[PDB]
Each structure stands twice: as C-alpha cells, then as structure tokens.
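Comments concern the structure below.
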Amino acid sequence: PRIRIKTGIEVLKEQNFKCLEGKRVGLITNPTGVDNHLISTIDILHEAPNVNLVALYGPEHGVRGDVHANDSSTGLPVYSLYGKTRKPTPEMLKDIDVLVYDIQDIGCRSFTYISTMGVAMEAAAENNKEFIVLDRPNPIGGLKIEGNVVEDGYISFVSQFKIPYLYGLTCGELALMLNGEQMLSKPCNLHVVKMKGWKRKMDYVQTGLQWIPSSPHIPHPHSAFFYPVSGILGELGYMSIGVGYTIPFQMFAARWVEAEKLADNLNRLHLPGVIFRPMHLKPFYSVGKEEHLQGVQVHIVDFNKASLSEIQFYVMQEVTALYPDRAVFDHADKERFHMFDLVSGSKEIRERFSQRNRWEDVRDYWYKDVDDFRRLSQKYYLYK
Ligand SMILES: [K+]
C-alpha cells in the first residue's frame, strides 16, 4: 500500500504555497479536495500563515457536502456555484485576487464540476483575476477518448465545452486547452500546479489514493468507469441503471425484461472487455422503487479494451429487439429528451438511434472527432 503520485495539493504544500503568497485567495472545492491524510484543502490553506484564504465556493452537491452563509470551522464566507449563480458574479470576486480550484472529477463531460471550473475560469478572465488549478488524476486514465464533440446548439452546463464525452484530460490539462484554444470569452491568467508521477496509463486505483464519493452516486473509483456506460440513458429515468440500488451505473433493468434472454443477446455481441450477467433485483429508491426488475449487470473484465459509452446503446438495441413495443424513444418521458440531447452534445444521437434502434446508425457520428481531438490534446498534455 503506497500513494504513487503527488497531487496538486501535495505539490503546493511541498512548495510552501509560494504561488499564493501576497494574494487574497478564493477556493473552489468540495469534500474531494483533500491531501494524502484526507485533510481538506480548506483547512490546509486556512492554517497556512503565508496564505490569505478569504472565501469559499461550492459546486453541485456543495462544499463541506452539508447543504446539497459562513463556514463553521473557518468562519469564512461560502458562495454557492449552482443554479442561478453557477458562474461567479463580479460581486463574488471583488474580494479576491486568485481563484484556486481543487476538485476530483471523473473524466466525463456531463459531470458538472468541469463546467464549474471552466465557467469560473471565464469569470476570472472577465474580472482580471488569476486562476490556479491544483491538478488531480483523471480516474479513468488519460488515453480513452469517446463521443462527438458538443455542437453549438447543445452547449450547456452538462455539455459546457466542444470536447468529447470522455475527453481523456486531467482538469489541469483541460484548463490549459480551454485557455490555449480561446474556447472561453477571454484569455485567463492561468497557472496549473502540476502533479508528480501521474501517468496517462494510470486508473485511479493505481495512484494509491483514497476515493472520496465524487458525488453520492459515484461512491467508488470503479463507479467513474460506469458513469459513461449508462449515464446518458440514465437521463431518461426509463430503465433502472442501478441508481436507486447498490451498484449505481453498473447495470440495466426493467420490469418487462427476461434477464437470461437479454444477457444471452448482449454476450453474443462479443464486446471487447465486457461480460453481461443476468440479474434480478428490487430497487430501494428512484427508478422501479420496490418493484421486481430483471436485467443485466455489466462486468468490465478488461478496462483497457472496453469501449464504455457505447454500452448503453447496445443495451437499448438488444432490449428493443427483444421487446419491440418498449423502444426507448417511443415510451420514455418526452420531457427528458432535450436533456438526453444535451448530455450527448447533439440531437443526432437520439434522432439517428430512433430510426430503427440500431447503434450502427450512430457509431460513425460517435467516433468522428476522436482522431482530431487526440491530435489537439497533444499540444496540452502535461503527463506521459
Ligand atoms: K491562512
């Protein structure tokens, strides 16, 4: 048992917080912003005598994770970066010189912490404030790139930048790209505190760090791999994807499915690195609460070989072939289709899939931007 890397916060401590000296510091963080001893970056900067920590900013789900105003332990003002104020206002920034960002994300575009980062960067740029990212590992590694980039009509808080669905960058590398490619409204005075020892091949468990639930339904490091497996279909609340049960994002089920038939049809696809297992369950809450459901558990037996985000579409395809009168876009809540399109970064994914419920009619669109994005990413990589 050993921590094999130095996170941005560990590097900042080793540098005795030099890049923060003489500045009024604002800190964007949540319960994942901790050092190797699981002490919060809030308490580290508050206790450092050469750091003037003056304000805290909490993203989706909150800062001490207790809201989901002033901080009890430090007495510092706490600002909410969600809903109407997802982007810091000029009034929220008048009391600081630099915004420090320290949050563990999951390497998926629809997870809104990276949206908070980019929009806070843009607010910093527009108000002449410095922005510092304390870099953290990409928990699914720095090699997988999947999905089309976001189209203009589908840019939103759950699809904030023209990057793929799995974008393969650390939050620090993404910040550098947003700045370098003029993807935000104005250039930002950005500094990234680079990690030591992190490698693109590393998944989170290989770093040796503890995983703090990124959000309630991403409780374990392996859960970050499964969020893109089922998360897009999950926006509809049509089938259970395990949210409401004890393996969130790792399964697909409904009351009208025959588990063994669905598993047999999916295993016949021979998707690399995946095995589907039939299952029977009764959700405790959310979708299918207290109903007997049947479906499949998705077991990833080789994380390097598996193409993650396409799995929900193969499941939708095979479920529909078995139960043709249960097609997702024929029976799911129509009021959730716009959200599905936003998370997908285009209405083309739903529209092409809806023609005959076949992934082959969407696959080329899903893969079209990978080679161009990998080439663009090489300009900003910090780690080998
Ligand atoms: K301090």
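Cβ sites come from the backbone with ideal geometry, for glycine too, and all protein chains shown count toward neighbours. Numbers and lists here come from the model and the stated rules, or from a named source; no laboratory instrument gave them.
Condition check ((1) over 19 Å from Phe303 (Cα atoms); (2) outside the structural domain of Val343 (by CATH); (3) of a type outside the set (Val, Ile, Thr)) across all residues:
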| site | (1), (2), (3) |
| --- | --- |
| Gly234 | yes, no, yes |
| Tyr238 | yes, no, yes |
| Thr246 | yes, no, no |
| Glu260 | yes, no, yes |
| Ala263 | yes, no, yes |
| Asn267 | no, no, yes |
| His270 | no, no, yes |
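Could you list, in sequence order, all residues of segment 119-163 that are of a type in the set (D, E, K, R) and over 28 Å from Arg4 (Cβ atoms)? Residues satisfying the conditions are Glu122, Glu126, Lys129, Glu130, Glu151, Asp152, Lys162. Here's a check for you: in segment 28-60, which residue that is farther than 25 Å from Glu91 by Cα and part of a strand (DSSP E or B) is nearest to the ligand (Cβ to nearest atom)? Among residues in segment 28-60 that are farther than 25 Å from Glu91 by Cα and part of a strand (DSSP E or B), the one nearest to the ligand (Cβ to nearest atom) is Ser40. When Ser72, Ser110 are checked against the criterion of being among the polar types (S, T, N, Q), in a loop (DSSP other than H, G, I, E, B) and touching a strand residue (DSSP E or B) at 6+ places or on another chain (Cβ under 7 Å), a single residue qualifies: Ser110. Residues considered: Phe276, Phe249. Of these, the only one that is within 27 Å of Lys144 (Cβ to Cβ) and within 20 Å of the chain's Cα centre (by Cα) is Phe249. With respect to the conditions (1) within 17 Å of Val133 (Cα to Cα); (2) in a helix (DSSP H, G or I), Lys84 falls short on a single one, namely (1). Would it be correct to say that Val25 is out of contact with any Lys or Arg (no Cβ under 7 Å at 6 or more places or on another chain), more than 16 Å from the ligand (Cβ to nearest atom), among the β-branched types (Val, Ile, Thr) and farther than 25 Å from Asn138 by Cα? So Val25 does not fit the description; no. Exactly one residue among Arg200, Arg136 is assigned to a loop (DSSP other than H, G, I, E, B) and either of a type in the set (A, V, I, L, M) or surrounded by fewer than 18 Cβ atoms within 10 Å (Cβ to Cβ) (or both), and that residue is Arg200.
Every residue, every condition in (1) under 13 Å from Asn148 (Cα atoms); (2) in the same structural domain as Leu262 (by CATH); (3) more than 21 Å from the chain's Cα centre (by Cα), yes or no:
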site: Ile300; (1), (2), (3): no, yes, no
site: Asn304; (1), (2), (3): no, yes, no
site: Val315; (1), (2), (3): no, yes, yes
site: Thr320; (1), (2), (3): no, yes, yes
site: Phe337; (1), (2), (3): no, yes, no
site: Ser354; (1), (2), (3): no, yes, yes
site: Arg358; (1), (2), (3): no, yes, yes
site: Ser377; (1), (2), (3): no, no, no
